[PDB]
$ cat data.cif   # mmCIF, C-alpha atoms and all ligand atoms
data_final
#
loop_
_atom_site.label_atom_id
_atom_site.label_comp_id
_atom_site.auth_asym_id
_atom_site.auth_seq_id
_atom_site.Cartn_x
_atom_site.Cartn_y
_atom_site.Cartn_z
CA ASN Z 1 27.87 11.31 -9.58
CA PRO Z 2 28.12 12.25 -13.23
CA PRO Z 3 25.05 13.59 -15.01
CA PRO Z 4 22.63 10.85 -16.05
CA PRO Z 5 22.38 9.82 -19.72
CA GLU Z 6 20.35 12.20 -21.83
CA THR Z 7 16.75 11.44 -22.66
CA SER Z 8 16.32 14.31 -25.14
CA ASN Z 9 18.58 15.64 -27.87
CA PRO Z 10 16.90 18.08 -30.26
CA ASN Z 11 19.37 17.61 -33.13
CA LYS Z 12 19.16 13.81 -33.09
CA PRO Z 13 16.78 12.36 -35.71
CA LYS Z 14 13.94 10.41 -34.13
CA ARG Z 15 11.56 7.74 -35.34
CA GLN Z 16 8.51 5.86 -34.14
CA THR Z 17 8.43 2.25 -35.34
CA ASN Z 18 6.26 -0.73 -34.53
CA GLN Z 19 9.28 -2.43 -32.95
CA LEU Z 20 10.05 0.59 -30.75
CA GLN Z 21 6.41 0.77 -29.64
CA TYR Z 22 6.66 -2.93 -28.75
CA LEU Z 23 9.91 -2.38 -26.85
CA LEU Z 24 8.04 0.09 -24.63
CA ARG Z 25 4.57 -1.46 -24.31
CA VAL Z 26 5.72 -5.08 -23.99
CA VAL Z 27 9.43 -5.50 -23.34
CA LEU Z 28 10.17 -2.59 -20.99
CA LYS Z 29 6.84 -2.76 -19.15
CA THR Z 30 7.13 -6.52 -18.60
CA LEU Z 31 10.71 -6.34 -17.30
CA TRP Z 32 9.80 -3.34 -15.12
CA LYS Z 33 7.37 -5.43 -13.08
CA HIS Z 34 9.78 -8.31 -12.43
CA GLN Z 35 10.77 -8.93 -8.80
CA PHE Z 36 14.41 -8.24 -9.80
CA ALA Z 37 13.80 -5.02 -11.74
CA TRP Z 38 14.19 -2.52 -8.88
CA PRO Z 39 18.02 -2.03 -8.92
CA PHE Z 40 17.72 -1.21 -12.62
CA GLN Z 41 14.83 1.28 -12.59
CA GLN Z 42 16.95 4.43 -12.18
CA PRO Z 43 20.53 5.58 -12.78
CA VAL Z 44 22.98 4.26 -10.20
CA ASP Z 45 23.38 6.88 -7.47
CA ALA Z 46 26.97 6.28 -6.39
CA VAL Z 47 26.71 8.63 -3.39
CA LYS Z 48 23.43 7.22 -2.08
CA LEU Z 49 24.39 3.59 -2.68
CA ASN Z 50 27.96 4.02 -1.40
CA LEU Z 51 29.65 2.80 -4.59
CA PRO Z 52 32.36 5.46 -4.90
CA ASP Z 53 34.11 3.62 -7.73
CA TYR Z 54 30.95 2.84 -9.75
CA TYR Z 55 31.63 5.58 -12.31
CA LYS Z 56 35.38 5.03 -12.07
CA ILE Z 57 34.64 1.63 -13.63
CA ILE Z 58 31.41 2.16 -15.62
CA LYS Z 59 31.90 4.73 -18.39
CA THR Z 60 28.65 4.18 -20.35
CA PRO Z 61 25.97 3.95 -17.64
CA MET Z 62 22.49 2.84 -18.57
CA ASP Z 63 19.31 1.87 -16.72
CA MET Z 64 15.67 1.07 -17.44
CA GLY Z 65 14.45 4.43 -16.12
CA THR Z 66 16.54 6.15 -18.80
CA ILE Z 67 15.42 3.61 -21.41
CA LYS Z 68 11.75 4.12 -20.47
CA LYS Z 69 12.09 7.90 -20.79
CA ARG Z 70 13.95 7.56 -24.09
CA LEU Z 71 11.13 5.37 -25.44
CA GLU Z 72 8.43 7.73 -24.14
CA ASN Z 73 10.23 10.76 -25.62
CA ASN Z 74 10.77 9.02 -29.02
CA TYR Z 75 14.55 9.39 -28.59
CA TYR Z 76 15.57 6.40 -30.68
CA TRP Z 77 15.89 5.91 -34.43
CA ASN Z 78 15.35 2.14 -34.36
CA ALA Z 79 14.80 -0.86 -32.12
CA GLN Z 80 18.43 -1.98 -32.35
CA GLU Z 81 19.51 1.28 -30.73
CA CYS Z 82 17.23 0.63 -27.76
CA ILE Z 83 18.27 -3.04 -27.57
CA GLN Z 84 21.88 -1.82 -27.35
CA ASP Z 85 20.94 0.25 -24.29
CA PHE Z 86 19.51 -2.84 -22.56
CA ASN Z 87 22.67 -4.76 -23.40
CA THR Z 88 24.84 -1.96 -22.01
CA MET Z 89 22.82 -2.00 -18.78
CA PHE Z 90 23.29 -5.75 -18.29
CA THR Z 91 26.97 -5.67 -19.29
CA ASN Z 92 27.66 -2.81 -16.84
CA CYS Z 93 26.30 -4.95 -14.03
CA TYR Z 94 28.53 -7.87 -15.03
CA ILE Z 95 31.56 -5.57 -15.31
CA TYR Z 96 31.12 -3.85 -11.95
CA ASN Z 97 30.47 -7.10 -10.07
CA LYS Z 98 31.49 -10.74 -10.52
CA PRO Z 99 29.91 -14.16 -11.20
CA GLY Z 100 27.65 -15.44 -8.46
CA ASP Z 101 26.82 -12.08 -6.86
CA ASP Z 102 23.15 -11.59 -5.98
CA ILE Z 103 22.95 -8.51 -8.24
CA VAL Z 104 24.45 -10.52 -11.10
CA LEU Z 105 21.88 -13.30 -10.61
CA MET Z 106 19.22 -10.60 -10.94
CA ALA Z 107 20.72 -9.19 -14.14
CA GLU Z 108 21.07 -12.70 -15.60
CA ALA Z 109 17.39 -13.44 -14.97
CA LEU Z 110 16.34 -10.11 -16.49
CA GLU Z 111 18.62 -10.62 -19.50
CA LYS Z 112 17.13 -14.03 -20.19
CA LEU Z 113 13.60 -12.61 -19.97
CA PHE Z 114 14.63 -9.70 -22.21
CA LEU Z 115 16.04 -12.07 -24.84
CA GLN Z 116 12.91 -14.20 -24.65
CA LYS Z 117 10.81 -11.10 -25.33
CA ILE Z 118 12.92 -9.82 -28.27
CA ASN Z 119 13.33 -13.25 -29.90
CA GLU Z 120 10.33 -12.34 -32.07
CA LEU Z 121 9.42 -8.73 -32.79
CA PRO Z 122 6.60 -7.22 -34.84
CA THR Z 123 7.25 -6.35 -38.47
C1 LIG G 1 22.44 -1.58 -10.91
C2 LIG G 1 22.74 -1.49 -9.43
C3 LIG G 1 24.12 -2.07 -9.20
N1 LIG G 1 25.02 -2.45 -10.11
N2 LIG G 1 26.12 -2.92 -9.44
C4 LIG G 1 25.88 -2.86 -8.14
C5 LIG G 1 26.73 -3.26 -6.91
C6 LIG G 1 26.14 -3.05 -5.61
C7 LIG G 1 24.80 -2.48 -5.51
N3 LIG G 1 24.16 -2.27 -4.25
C8 LIG G 1 22.71 -2.23 -4.22
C9 LIG G 1 22.21 -0.79 -4.29
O1 LIG G 1 20.80 -0.77 -4.30
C10 LIG G 1 22.30 -2.86 -2.89
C11 LIG G 1 22.70 -4.33 -2.91
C12 LIG G 1 23.70 -4.92 -2.14
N4 LIG G 1 23.72 -6.26 -2.44
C13 LIG G 1 22.77 -6.49 -3.40
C14 LIG G 1 22.33 -7.81 -4.12
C15 LIG G 1 21.21 -7.75 -5.11
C16 LIG G 1 20.53 -6.47 -5.42
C17 LIG G 1 20.96 -5.22 -4.72
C18 LIG G 1 22.13 -5.29 -3.68
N5 LIG G 1 24.02 -2.11 -6.66
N6 LIG G 1 24.64 -2.33 -8.00
NA NA G 2 8.52 -11.08 -28.63
#
$ encode --input "data.cif" --output "C-alpha cells" --more "lines below"
Ligand SMILES: CCc1nnc2ccc(N[C@H](CO)Cc3c[nH]c4ccccc34)nn12
Ligand code: NA
Amino acid sequence: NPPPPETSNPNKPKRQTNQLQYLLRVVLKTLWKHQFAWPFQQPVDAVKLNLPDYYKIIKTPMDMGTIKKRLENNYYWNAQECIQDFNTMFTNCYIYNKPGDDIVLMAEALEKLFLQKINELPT
C-alpha cells in the first residue's frame, strides 16, 4: 500500500464556502448512507482486499473517507476541487474494473445520485 491521500496541508490555502458546506452536510452525508457506499468509505487497502495490482493501475486514489476528512478539515479552496475528488473516485473504479462488474454497478448508482445532488448547489 502507498500512503493514503493527504487530508491536511498547512501551506495550502483553504476556504469555507456555502457550496463546500453543502457538499459535506448534504452530498457526502447522503451518499455515505447509500447501500452501495461501503466499498468507497475508506482508501482501498490492497493488502487486505487482495488487489496487489490496485496501485499498479490506480495512480490518483481517492475515496469518500478521504473526501469527508478533507471537508471536515476545510482542506479545499472551492466546491469544484471537491467535486473533482468524487469524479476521480468513480473514474478509478471504472478504470480498475470493467463494464457490468458488481462494483461498477455500485459506482454507477452512486455517480448518478452524486450528479443529481450537485445539479443545483447553493449560491
Ligand atoms: C473501491 C473498492 C474497489 N475498487 N475496485 C475494486 C475491485 C475489487 C474489490 N473487492 C471488494 C473489496 O471490498 C470485494 C468485492 C468483490 N466483488 C465485489 C462486488 C461489489 C462490491 C465489492 C466486491 N474492490 N474494489
Ligand atoms: Na442539489
$ residues_near_ligand --input "data.cif" --ligand "ligand LIG 1 (chain G)" --cutoff "10 Å" --atoms "all atoms listed in the file" --output "MDAnalysis selection string"
chainID Z and resid 36:46 48:51 54 58 61:64 89:98 101:107
$ write_last_selection --input "data.cif" --atoms "C-alpha atoms" --output "PDB file, in the frame of the given file"
ATOM      1  CA  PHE Z  36      14.410  -8.240  -9.800  1.00  0.00           C
ATOM      2  CA  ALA Z  37      13.800  -5.020 -11.740  1.00  0.00           C
ATOM      3  CA  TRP Z  38      14.190  -2.520  -8.880  1.00  0.00           C
ATOM      4  CA  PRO Z  39      18.020  -2.030  -8.920  1.00  0.00           C
ATOM      5  CA  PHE Z  40      17.720  -1.210 -12.620  1.00  0.00           C
ATOM      6  CA  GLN Z  41      14.830   1.280 -12.590  1.00  0.00           C
ATOM      7  CA  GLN Z  42      16.950   4.430 -12.180  1.00  0.00           C
ATOM      8  CA  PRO Z  43      20.530   5.580 -12.780  1.00  0.00           C
ATOM      9  CA  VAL Z  44      22.980   4.260 -10.200  1.00  0.00           C
ATOM     10  CA  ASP Z  45      23.380   6.880  -7.470  1.00  0.00           C
ATOM     11  CA  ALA Z  46      26.970   6.280  -6.390  1.00  0.00           C
ATOM     12  CA  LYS Z  48      23.430   7.220  -2.080  1.00  0.00           C
ATOM     13  CA  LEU Z  49      24.390   3.590  -2.680  1.00  0.00           C
ATOM     14  CA  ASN Z  50      27.960   4.020  -1.400  1.00  0.00           C
ATOM     15  CA  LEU Z  51      29.650   2.800  -4.590  1.00  0.00           C
ATOM     16  CA  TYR Z  54      30.950   2.840  -9.750  1.00  0.00           C
ATOM     17  CA  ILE Z  58      31.410   2.160 -15.620  1.00  0.00           C
ATOM     18  CA  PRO Z  61      25.970   3.950 -17.640  1.00  0.00           C
ATOM     19  CA  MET Z  62      22.490   2.840 -18.570  1.00  0.00           C
ATOM     20  CA  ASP Z  63      19.310   1.870 -16.720  1.00  0.00           C
ATOM     21  CA  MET Z  64      15.670   1.070 -17.440  1.00  0.00           C
ATOM     22  CA  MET Z  89      22.820  -2.000 -18.780  1.00  0.00           C
ATOM     23  CA  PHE Z  90      23.290  -5.750 -18.290  1.00  0.00           C
ATOM     24  CA  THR Z  91      26.970  -5.670 -19.290  1.00  0.00           C
ATOM     25  CA  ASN Z  92      27.660  -2.810 -16.840  1.00  0.00           C
ATOM     26  CA  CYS Z  93      26.300  -4.950 -14.030  1.00  0.00           C
ATOM     27  CA  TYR Z  94      28.530  -7.870 -15.030  1.00  0.00           C
ATOM     28  CA  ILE Z  95      31.560  -5.570 -15.310  1.00  0.00           C
ATOM     29  CA  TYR Z  96      31.120  -3.850 -11.950  1.00  0.00           C
ATOM     30  CA  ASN Z  97      30.470  -7.100 -10.070  1.00  0.00           C
ATOM     31  CA  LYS Z  98      31.490 -10.740 -10.520  1.00  0.00           C
ATOM     32  CA  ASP Z 101      26.820 -12.080  -6.860  1.00  0.00           C
ATOM     33  CA  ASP Z 102      23.150 -11.590  -5.980  1.00  0.00           C
ATOM     34  CA  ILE Z 103      22.950  -8.510  -8.240  1.00  0.00           C
ATOM     35  CA  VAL Z 104      24.450 -10.520 -11.100  1.00  0.00           C
ATOM     36  CA  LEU Z 105      21.880 -13.300 -10.610  1.00  0.00           C
ATOM     37  CA  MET Z 106      19.220 -10.600 -10.940  1.00  0.00           C
ATOM     38  CA  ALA Z 107      20.720  -9.190 -14.140  1.00  0.00           C
TER      39      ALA Z 107
END
$ residues_around --input "data.cif" --residues "residue 22 of chain Z" --least-positions-apart "4" --cutoff "8 Å" --atoms "only C-alpha atoms" --output "PyMOL selection string"
chain Z and resi 18+26-27+121-122
$ axis_aligned_box --input "data.cif" --around "segment 101-116 of chain Z" --padding-each-side "4 Å" --output "AutoDock Vina command-line options"
--center_x 19.9 --center_y -11.4 --center_z -15.4 --size_x 21.9 --size_y 13.7 --size_z 26.9
$ residues_around --input "data.cif" --residues "segment 76-81 of chain Z" --least-positions-apart "5" --cutoff "6 Å" --atoms "only C-alpha atoms" --output "VMD selection string"
chain Z and resid 14 to 15 19 to 20
$ atom_distance --input "data.cif" --atom1 "atom CA of residue 7 of chain Z" --atom2 "atom CA of residue 113 of chain Z"
24.4 Å
$ atom_distance --input "data.cif" --atom1 "atom CA of residue 123 of chain Z" --atom2 "atom CA of residue 75 of chain Z"
20.0 Å
$ closest_residue --input "data.cif" --among "Z:25, Z:13, Z:3, Z:52" --to "ligand NA 2 (chain G)" --atoms "all atoms listed in the file"
Z:25
$ closest_atom_pairs --input "data.cif" --of "chain Z" --to "ligand NA 2 (chain G)" --cutoff "6 Å" --atoms "all atoms listed in the file" --output "Markdown table"
| residue | atom | partner | partner_atom | distance |
| --- | --- | --- | --- | --- |
| Z:117 | CA | G:NA2 | NA | 4.0 |
| Z:118 | CA | G:NA2 | NA | 4.6 |
| Z:119 | CA | G:NA2 | NA | 5.4 |
| Z:120 | CA | G:NA2 | NA | 4.1 |
| Z:121 | CA | G:NA2 | NA | 4.9 |
$ atom_distance --input "data.cif" --atom1 "atom CA of residue 1 of chain Z" --atom2 "atom CA of residue 53 of chain Z"
10.1 Å
$ closest_residue --input "data.cif" --among "Z:4, Z:109, Z:99, Z:23" --to "residue 55 of chain Z" --atoms "only C-alpha atoms"
Z:4
$ closest_residue --input "data.cif" --among "Z:31, Z:57, Z:74, Z:66" --to "residue 111 of chain Z" --atoms "only C-alpha atoms"
Z:31
$ decode --input "data.cif" --residues "chain Z" --atoms "C-alpha atoms" --output "compact mmCIF listing (two decimals), in the first residue's frame"
# COMPACT_ATOMS: atom_id res chain seq x y z
CA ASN Z 1 0.00 0.00 0.00
CA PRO Z 2 1.08 3.56 -0.69
CA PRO Z 3 0.29 6.25 1.87
CA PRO Z 4 -3.30 7.47 1.67
CA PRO Z 5 -4.08 10.88 0.15
CA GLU Z 6 -3.39 13.78 2.47
CA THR Z 7 -6.19 15.39 4.41
CA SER Z 8 -4.10 18.29 5.75
CA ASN Z 9 -1.51 20.51 4.09
CA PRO Z 10 -0.55 23.58 6.12
CA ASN Z 11 0.79 25.61 3.17
CA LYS Z 12 -2.31 25.07 1.01
CA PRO Z 13 -4.80 27.97 1.12
CA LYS Z 14 -8.17 26.92 2.48
CA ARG Z 15 -11.68 28.30 2.24
CA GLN Z 16 -15.11 27.67 3.68
CA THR Z 17 -17.91 28.31 1.19
CA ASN Z 18 -21.63 27.66 1.19
CA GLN Z 19 -21.14 25.12 -1.59
CA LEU Z 20 -18.42 23.26 0.33
CA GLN Z 21 -20.61 23.17 3.45
CA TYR Z 22 -23.38 21.72 1.26
CA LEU Z 23 -21.02 19.14 -0.23
CA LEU Z 24 -20.38 17.87 3.30
CA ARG Z 25 -23.77 18.24 5.00
CA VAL Z 26 -25.89 17.10 2.04
CA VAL Z 27 -23.92 15.46 -0.75
CA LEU Z 28 -21.32 13.44 1.17
CA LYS Z 29 -23.62 12.53 4.06
CA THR Z 30 -26.40 11.38 1.71
CA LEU Z 31 -24.09 9.23 -0.43
CA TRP Z 32 -22.43 7.83 2.71
CA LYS Z 33 -25.68 6.20 3.83
CA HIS Z 34 -26.45 4.53 0.49
CA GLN Z 35 -26.48 0.72 0.45
CA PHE Z 36 -23.62 0.83 -2.10
CA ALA Z 37 -21.40 3.32 -0.26
CA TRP Z 38 -19.36 0.85 1.82
CA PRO Z 39 -16.58 -0.04 -0.71
CA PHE Z 40 -15.94 3.70 -1.08
CA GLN Z 41 -15.81 4.79 2.58
CA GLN Z 42 -12.06 4.31 3.06
CA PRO Z 43 -8.89 4.12 0.95
CA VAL Z 44 -8.51 0.83 -0.89
CA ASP Z 45 -6.36 -1.50 1.22
CA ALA Z 46 -4.64 -3.56 -1.47
CA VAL Z 47 -3.12 -6.00 1.04
CA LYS Z 48 -6.34 -6.61 2.98
CA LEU Z 49 -8.53 -6.82 -0.13
CA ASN Z 50 -6.03 -8.90 -2.12
CA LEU Z 51 -5.76 -6.47 -5.03
CA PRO Z 52 -1.97 -6.49 -5.50
CA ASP Z 53 -2.17 -4.51 -8.74
CA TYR Z 54 -4.65 -1.88 -7.49
CA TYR Z 55 -1.96 0.78 -7.06
CA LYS Z 56 -0.06 -0.50 -10.08
CA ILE Z 57 -3.08 0.68 -12.08
CA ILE Z 58 -4.59 3.50 -9.96
CA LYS Z 59 -2.15 6.39 -9.57
CA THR Z 60 -4.51 9.03 -8.09
CA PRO Z 61 -6.50 7.10 -5.47
CA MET Z 62 -9.50 8.73 -3.86
CA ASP Z 63 -12.34 7.65 -1.57
CA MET Z 64 -15.20 9.17 0.41
CA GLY Z 65 -13.41 8.72 3.74
CA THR Z 66 -10.64 10.98 2.47
CA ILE Z 67 -13.18 13.40 0.97
CA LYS Z 68 -15.13 13.52 4.26
CA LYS Z 69 -11.96 14.30 6.23
CA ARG Z 70 -10.89 16.92 3.68
CA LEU Z 71 -14.29 18.62 4.02
CA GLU Z 72 -14.21 18.42 7.83
CA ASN Z 73 -10.65 19.81 7.92
CA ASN Z 74 -11.50 22.66 5.46
CA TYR Z 75 -8.86 21.33 3.03
CA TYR Z 76 -10.45 22.61 -0.16
CA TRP Z 77 -10.44 26.03 -1.80
CA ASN Z 78 -13.72 25.56 -3.68
CA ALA Z 79 -16.51 23.12 -4.45
CA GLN Z 80 -15.10 22.23 -7.87
CA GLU Z 81 -11.96 20.88 -6.20
CA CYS Z 82 -14.05 18.55 -4.04
CA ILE Z 83 -16.26 17.55 -6.99
CA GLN Z 84 -13.07 16.59 -8.84
CA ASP Z 85 -12.20 14.21 -5.98
CA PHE Z 86 -15.58 12.48 -6.31
CA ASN Z 87 -15.06 12.18 -10.06
CA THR Z 88 -11.59 10.70 -9.53
CA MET Z 89 -13.05 8.13 -7.11
CA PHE Z 90 -15.70 6.99 -9.61
CA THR Z 91 -13.28 7.01 -12.56
CA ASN Z 92 -10.75 4.91 -10.60
CA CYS Z 93 -13.40 2.27 -10.08
CA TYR Z 94 -14.23 2.21 -13.80
CA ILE Z 95 -10.53 2.03 -14.70
CA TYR Z 96 -9.64 -0.81 -12.34
CA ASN Z 97 -12.67 -2.91 -13.30
CA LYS Z 98 -14.84 -3.29 -16.40
CA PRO Z 99 -18.45 -2.72 -17.53
CA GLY Z 100 -21.00 -4.94 -15.84
CA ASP Z 101 -18.99 -5.76 -12.71
CA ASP Z 102 -20.95 -5.57 -9.46
CA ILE Z 103 -18.57 -2.92 -8.08
CA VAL Z 104 -19.04 -0.86 -11.26
CA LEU Z 105 -22.84 -1.08 -10.92
CA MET Z 106 -22.39 0.33 -7.41
CA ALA Z 107 -20.20 3.20 -8.60
CA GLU Z 108 -22.63 3.98 -11.43
CA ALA Z 109 -25.54 4.23 -8.99
CA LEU Z 110 -23.54 6.44 -6.63
CA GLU Z 111 -22.35 8.65 -9.50
CA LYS Z 112 -25.90 9.19 -10.70
CA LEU Z 113 -27.02 10.11 -7.17
CA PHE Z 114 -23.99 12.41 -6.80
CA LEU Z 115 -24.82 14.20 -10.06
CA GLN Z 116 -28.45 14.52 -9.01
CA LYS Z 117 -27.32 16.18 -5.77
CA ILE Z 118 -24.85 18.62 -7.40
CA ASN Z 119 -27.18 19.56 -10.28
CA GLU Z 120 -28.24 22.55 -8.16
CA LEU Z 121 -25.97 24.00 -5.49
CA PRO Z 122 -26.45 26.91 -3.10
CA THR Z 123 -25.18 30.33 -4.12
